[PDB]
K.L.:
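Below: one structure in structure tokens.
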Amino acid sequence: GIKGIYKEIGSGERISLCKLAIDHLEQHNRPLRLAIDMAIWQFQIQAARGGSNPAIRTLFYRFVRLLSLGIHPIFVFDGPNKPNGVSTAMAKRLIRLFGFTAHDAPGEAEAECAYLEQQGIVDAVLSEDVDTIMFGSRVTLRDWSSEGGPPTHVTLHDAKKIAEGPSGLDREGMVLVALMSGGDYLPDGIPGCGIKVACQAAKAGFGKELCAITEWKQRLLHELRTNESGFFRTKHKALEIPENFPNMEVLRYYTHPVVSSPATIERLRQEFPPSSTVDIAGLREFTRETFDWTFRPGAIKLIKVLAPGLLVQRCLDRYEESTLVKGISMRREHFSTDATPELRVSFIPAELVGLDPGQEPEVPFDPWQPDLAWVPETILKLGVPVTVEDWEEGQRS
Amino acid sequence: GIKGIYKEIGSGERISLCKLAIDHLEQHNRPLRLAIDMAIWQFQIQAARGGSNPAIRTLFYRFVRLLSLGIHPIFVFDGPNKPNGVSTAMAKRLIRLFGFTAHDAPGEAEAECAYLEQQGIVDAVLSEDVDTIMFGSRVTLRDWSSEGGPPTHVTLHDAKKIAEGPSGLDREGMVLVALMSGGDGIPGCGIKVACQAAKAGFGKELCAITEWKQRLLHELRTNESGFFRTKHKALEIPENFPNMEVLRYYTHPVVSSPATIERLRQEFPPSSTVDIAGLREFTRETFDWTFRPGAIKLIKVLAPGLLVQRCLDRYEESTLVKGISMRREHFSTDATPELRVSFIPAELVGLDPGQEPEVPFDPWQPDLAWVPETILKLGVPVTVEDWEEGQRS
DNA sequence: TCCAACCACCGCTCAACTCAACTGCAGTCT
DNA sequence: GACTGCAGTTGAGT
DNA sequence: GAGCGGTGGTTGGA
Ligand SMILES: [Mg+2]
Ligand SMILES: [Mg+2]
């Protein structure tokens with residue numbers, strides 16, 4: 001589901017997640033909004049030794065990476081109305097602590113994700129696969145990973161470019177494919193079929209699928225048997241077709257998937273994105289209880305990990321004050337960001353995060369000394385414009 | 001037929017021809033030797049269609065299959081001393097090009113095949129039916145076919161096990177059945193009754209003759225000893241019966257001379273090198289496998305079997321196998337252990353398609369084939385050991 | 001007379017393989 | 001979920 | 001050459 005689909009639509013465009021975030025921020029003058037299917041974690045997350053709760057620990061670092069990218073994420077959870085070891089409660093707790101949004105689909109999350117995109121709530125979808133396209137996604141993302149090392153890239157699929165050849169596969173086309181082929185998921189699918197043949201049926205325009213039904217089935221069946229119109233590579237007489245085909249409690253499951261109410265969509269327009277303020281004291285207590293980051297070493301570990309992303313977040317949110325950036329020392333266009341212009345920024349971690357390791361019991365990295373980080377130039381111009389200008393001025397000299 | 005013989009002796013054991021070949025090779029430490037009656041081909045190969053000479057083409061592919069099985073075949077042809085649409089000359093020509101042996105019976109091929117087996121020239125007989133048992137065969141094979149696809153299996157009959165119940169049909173038993181059930185054979189008779197006369201010991205017949213005839217004739221009409229299911233006064237028996245010139249057609253069938261048997265004992269199996277250039281010219285002239293495509297076609301089809309022949313004939317040289325990838329015990333071979341070998345077809349066959357006039361399978365790229373582990377251990381032992389030890393890792 | 005089981009006999013009917021492309025399976029990592 | 005070779009099938013031509 | 005039902009004939013009994 002759908003097995004062999006990337007042979008037809010393509011594997012997709014590998015692209016820096018940083019580039020997407022910054023390109024969108026430049027074109028639309030606001031941070032990228034992303035719907036993330038919570039199901040993508042199950043196998044990336046588990047397993048990743050060791051220490052205490054390494055599974056949710058990996059989730060923590062992914063969240064910090066989201067902060068540094070300046071993305072407004074909304075995490076969608078599955079609902080009971082469908083036809084690892086990481087607690088949902090803990091996941092949702094960490095989400096809120098990071099100032100992110102948790103959202104519960106009434107049914108399947110991937111359908112809700114696609115729906116949110118269609119309604120303009122989010123700009124793109126990050127999911128397990130491209131099932132989201134069947135539910136109406138236009139820009140869908142998968143495989144958030146290294147390009148190993150740090151997870152910097154995703155694989156982008158565009159529903160409009162896919163529909164424009166060579167597969168000619170659109171939403172209705174893929175629906176027919178799933179309806180005809182596998183089969184191992186949906187009832188009353190065709191035994192000998194078959195993504196190659198199904199895609200050929202879709203390309204022949206059969207993907208309508210406009211609710212009676214009796215006529216369509218026999219035109220399609222006659223074409224399969226005789227290949228008169230030449231819709232297929234060969235004839236297909238041995239391909240006998242179930243009486244429960246086309247199953248239609250399946251059909252709309254795709255064309256009208258159970259998603260949030262219109263009232264819920266309107267609530268989200270007003271309430272998403274949220275204030276997005278990272279709860280520092282909350283994260284300190286969470287990491288202590290969950291990761292055993294206890295005492296002064298645990299506080300310093302938190303500051304080190306959290307300071308860069310928190311720098312980005314406040315830099316975007318705040319839109320005389322070197323309260324964020326102490327200085328700039330270099331410029332680069334690195335391949336990991338697909339040559340996205342970044343500037344080498346210096347900052348004071350402990351001062352930025354706002355925790356004092358002295359208030360913690362004592363049982364190298366000094367959180368009070370300057371630390372360095374690469375931050376996208378675009379983000380820096382928005383938050384610390386005067387600092388960026390001074391650097392630009394010094395470079396002209 | 002003998003008609004309805006199989007409901008008496010059993011339908012036979014269906015067995016992988018590969019299993020027979022490899023089992024015999026493991027037990028006797030030399031390839032299986034098989035006598036093949038050329039009469040089997042008549043109503044099997046004329047179902048092929050398309051192309052040039054599809055019947056002799058079918059014969060070609062089965063010859064290639066014989067190479068892959070590592071079997072040493074001797075094809076027996078009929079002779080004139082007996083009491084569609086394939087040329088004998090072309091059949092014999094192709095046989096020699098493959099390094100196989102062609103043998104002319106002085107009379108019926110079946111009798112000669114059985115005789116060859118009795119004399120130790122071959123280990124088993126492949127023929128149309130089971131008549132070979134009457135001529136003295138002990139292990140006889142029939143119906144070399146699919147188990148619907150490639151012809152991997154055969155039906156084995158064992159003369160010893162047949163004679164050991166429940167039919168009790170031995171050689172002289174089946175002779176009596178043949179004598180009685182027509183057709184100077186007895187009208188109204190009768191394999192059920194004939195087989196019952198056999199179990200009553202009447203199959204001897206060791207000659208004068210008049211006493212014997214009047215015992216079963218008295219038993220047929222009275223059933224005193226209970227030899228039969230019922231009485232049989234209906235059956236009246238011809239004066240000529242039992243026909244004696246028929247009896248020794250079975251007990252002493254016209255076959256090759258002792259001198260010929262001795263000739264075969266030292267000449268078979270033969271040197272047996274596949275004539276590559278010969279086959280190239282044959283397939284060009286007969287199948288219209290012309291120019292570079294025809295060369296490539298030959299190389300692809302012939303490379304695997306040719307690999308086996310080298311393997312067994314071996315009995316460092318990576319000139320056969322480039323590597324091993326996997327192990328399997330497939331049902332088509334009756335779980336005969338096979339290894340997935342890689343080889344270069346063109347390099348192995350030894351023909352360059354470049355010397356042919358050109359007009360997607362690349363014969364210079366590695367190709368894969370399943371080859372019986374036993375054969376591989378014999379021909380390329382060092383390669384097999386490297387695979388075995390990398391495995392236990 | 002007739003049936004019923006058994007049987008010999010008649011008339012009827014059938015008889016491969018390559019090749020490419022494909023689906024589906026079972027590994028596997030995640 | 002998706003990738004890889006194997007296996008078995010089908011359709012078309014040999 | 002072999003598997004299928006039908007046919008007609010023989011045998012021993014109803
Ligand atoms: Mg999915
Ligand atoms: Mg015969």
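Numbered from 1 within each chain, the chains take letters A, B, ... in sequence-line order. Side-chain atoms are counted along with the backbone in the values below, which use heavy atoms only and exclude waters and symmetry mates.
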K.L.:
E/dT11 pairs with which nucleotide, Watson-Crick or G-U wobble, both distances below 3.5 Å?
P.N.:
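Pair assignment: E/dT11 / C/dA4.
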K.L.:
Roughly how many Å is it from CD in A/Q46 to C1' in C/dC29, rounded to a whole number?
P.N.:
12 Å
K.L.:
Is B/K192 close enough to E/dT11 that one of its side-chain N or O atoms is under 4.0 Å from OP1 or OP2 there?
P.N.:
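Indeed not, no polar side-chain atom of B/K192 lies that close.
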K.L.:
Between B/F343 and B/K322, is there a cation-pi geometry (under 6.0 Å to ring centre, at most 45° from the normal)?
P.N.:
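Ring-cation test returns no.
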K.L.:
Base, sugar-phosphate, or nothing: which does B/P360 touch, judged by heavy atoms less than 4.0 Å apart?
P.N.:
nothing
K.L.:
For the pair made of CD in B/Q42 and P in C/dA16, what is the distance, rounded to whole Å?
P.N.:
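Roughly 14 Å, once rounded to whole Å.
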K.L.:
Just to confirm a value in my table: D/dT4 sugar, north or south, sign of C1'-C2'-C3'-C4'.
P.N.:
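North, since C1'-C2'-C3'-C4' is positive for D/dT4.
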K.L.:
Using the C1'-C2'-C3'-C4' dihedral sign as the criterion, classify the sugar of C/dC25 as north or south.
P.N.:
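It's south.
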K.L.:
Should B/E329 and B/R327 count as an ion pair when the cut-off is N to O under 4.0 Å?
P.N.:
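Salt bridge between B/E329 and B/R327, a charged N being under 4.0 Å from a carboxylate O: yes.
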K.L.:
Check this one for me: any side-chain N or O of A/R142 less than 4.0 Å away from OP1 or OP2 of D/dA2?
P.N.:
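For A/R142, the contact criterion (side-chain N or O under 4.0 Å from OP1 or OP2 of D/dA2) is not met.
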K.L.:
Could you tell me the Watson-Crick or G-U partner of D/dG5, where both distances fall under 3.5 Å? Say none if there is no partner.
P.N.:
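In the structure as shown, D/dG5 has C/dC25 as its Watson-Crick or wobble partner.
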K.L.:
Where the side chain of A/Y6 is defined as all heavy atoms beyond and including C-beta, which of D/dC6, D/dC3, D/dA7 is the nearest nucleotide?
P.N.:
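Nearest nucleotide to the side chain: D/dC3.
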K.L.:
Strictly below 4.0 Å, N to O, side chains only: are B/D288 and B/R284 in salt-bridge contact?
P.N.:
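No salt bridge links B/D288 with B/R284.
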K.L.:
What's the gap between D/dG13 and C/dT13 when it is taken at their P atoms, as a whole Å value?
P.N.:
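To the nearest whole Å, 31 Å.
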K.L.:
Remember a base hit wins even if backbone is also touched, and classify B/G182 as base, sugar-phosphate or nothing at under 4.0 Å, heavy atoms.
P.N.:
nothing
K.L.:
Using a cut-off of strictly less than 4.0 Å, decide whether B/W370 has a side-chain nitrogen or oxygen near OP1 or OP2 of D/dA7.
P.N.:
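Yes.
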K.L.:
Please state whether the phosphate of C/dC7, meaning OP1 or OP2, lies under 4.0 angstrom from any side-chain nitrogen or oxygen of B/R229.
P.N.:
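Checking C/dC7 against B/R229, a side-chain N or O does come within under 4.0 Å of OP1 or OP2.
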K.L.:
Let's see if you can work this out: which of D/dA2, C/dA16, D/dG11 has an atom nearest to the side-chain heavy atoms of A/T234?
P.N.:
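Nearest to the side-chain atoms of A/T234, counting from C-beta on, is D/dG11.
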K.L.:
To the nearest Å, how far apart are B/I2 CD1 and E/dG3 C1'?
P.N.:
17 Å
K.L.:
Looking at the side chain of B/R57, which of D/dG5, C/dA15, D/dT14 is the nearest nucleotide?
P.N.:
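Output: D/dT14.
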K.L.:
B/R62 side chain N/O closer than 4.0 Å to the phosphate oxygens (OP1, OP2) of C/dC17?
P.N.:
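Indeed, a polar side-chain atom of B/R62 lies that close.
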K.L.:
From the set D/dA7, E/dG1, C/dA16, return the single nucleotide nearest to any side-chain atom of B/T58.
P.N.:
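In terms of side-chain proximity for B/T58, the closest of D/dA7, E/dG1, C/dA16 is C/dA16.
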K.L.:
Using whole Å, report how far CG of B/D367 lies from P of D/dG5.
P.N.:
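It works out to 14 Å between those atoms.
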K.L.:
Provide the distance between the two P atoms, one in C/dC14 and one in D/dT14, to the nearest whole Å.
P.N.:
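Going atom to atom, P in each nucleotide, I get 26 Å.
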K.L.:
Is the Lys NZ or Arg CZ of B/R221 less than 6.0 Å from the centre of B/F227's six-membered ring, within 45° of the axis?
P.N.:
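Not satisfied by the 6.0 Å and 45° rule.
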K.L.:
In whole angstrom, give the distance that lies between atom NZ of B/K231 and atom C1' of E/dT10.
P.N.:
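My rounded result for the distance is 13 Å.
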K.L.:
So, do A/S137 and A/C113 sit near enough that their side-chain heavy atoms are less than 4.5 Å apart?
P.N.:
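Side-chain contact under 4.5 Å: no.
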K.L.:
Contact class for B/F331 (heavy atom, under 4.0 Å): base, sugar-phosphate, or nothing?
P.N.:
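Touches sugar-phosphate only.
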K.L.:
Under 4.0 Å between a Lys/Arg side-chain N and an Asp/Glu carboxylate O for B/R328 and B/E338?
P.N.:
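A salt bridge links B/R328 with B/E338.
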K.L.:
Tell me whether the NZ or CZ atom of A/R62 lies within the 45° cone about the ring axis of A/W144 and under 6.0 Å from its centre.
P.N.:
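Judged by the rule (NZ or CZ under 6.0 Å from the ring centre, within 45° of its axis), A/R62 counts as positioned above A/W144.
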K.L.:
Return the 5'-most residue of the pair B/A194, A/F43 with respect to DNA chain C, ranking by each residue's nearest nucleotide.
P.N.:
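Taking each residue's closest nucleotide, the earlier one in sequence belongs to B/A194.
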K.L.:
Less than 4.0 angstrom between a side-chain N/O of A/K3 and OP1 or OP2 of C/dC25, yes or no?
P.N.:
no
K.L.:
Rounded to the nearest Å, what distance is computed from the CD atom of residue B/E128 to the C1' atom of nucleotide C/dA15?
P.N.:
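Computing the B/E128:CD to C/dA15:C1' distance gives 12 Å.
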K.L.:
Measuring from the side chain of B/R49 (C-beta onward, heavy atoms only), which nucleotide among C/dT23, D/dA2, D/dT14 has the closest atom?
P.N.:
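My answer, after comparing the listed nucleotides, is D/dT14.
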K.L.:
Quick check on C/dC19: is either OP1 or OP2 less than 4.0 Å from any side-chain nitrogen or oxygen of B/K300?
P.N.:
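Yes.
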K.L.:
Send over the distance from A/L239 CG to D/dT9 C1', rounded to a whole Å.
P.N.:
12 Å
K.L.:
When we call it a touch if two heavy atoms are under 4.0 Å apart, what does B/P151 touch: a base, just sugar-phosphate, or nothing?
P.N.:
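Answer is sugar-phosphate: B/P151 comes under 4.0 Å of backbone atoms only.
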K.L.:
Check whether any side-chain nitrogen or oxygen of B/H330 sits under 4.0 Å from OP1 or OP2 of D/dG8, and answer yes or no.
P.N.:
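Affirmative; the distance criterion is met.
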K.L.:
Can you tell which of E/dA2, C/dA16, D/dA7 lies closest to the side chain of B/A47?
P.N.:
C/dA16
K.L.:
Given the rule that positive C1'-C2'-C3'-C4' is north and negative is south, which one is C/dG27?
P.N.:
north
K.L.:
If you only use heavy atoms from C-beta on, which nucleotide in D/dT4, D/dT14, C/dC17 is closest to the side chain of A/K7?
P.N.:
D/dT4
K.L.:
Is the C/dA15-C/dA16 step stacked (ring centres under 5.5 angstrom, plane angle under 30°)?
P.N.:
no
K.L.:
Is A/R14 salt-bridged to A/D143, cutoff N-O under 4.0 Å?
P.N.:
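Yes, A/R14 and A/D143 are salt-bridged.
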K.L.:
Rounded to whole angstroms, how far apart are CG on B/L368 and P on D/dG5?
P.N.:
10 Å
K.L.:
Both B/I191 and B/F361 contact DNA chain C. Which one's nearest nucleotide lies toward the 5' end?
P.N.:
B/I191
K.L.:
Does a nitrogen or oxygen in the side chain of B/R340 sit under 4.0 Å from OP1 or OP2 of D/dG5?
P.N.:
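Indeed not, no polar side-chain atom of B/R340 lies that close.
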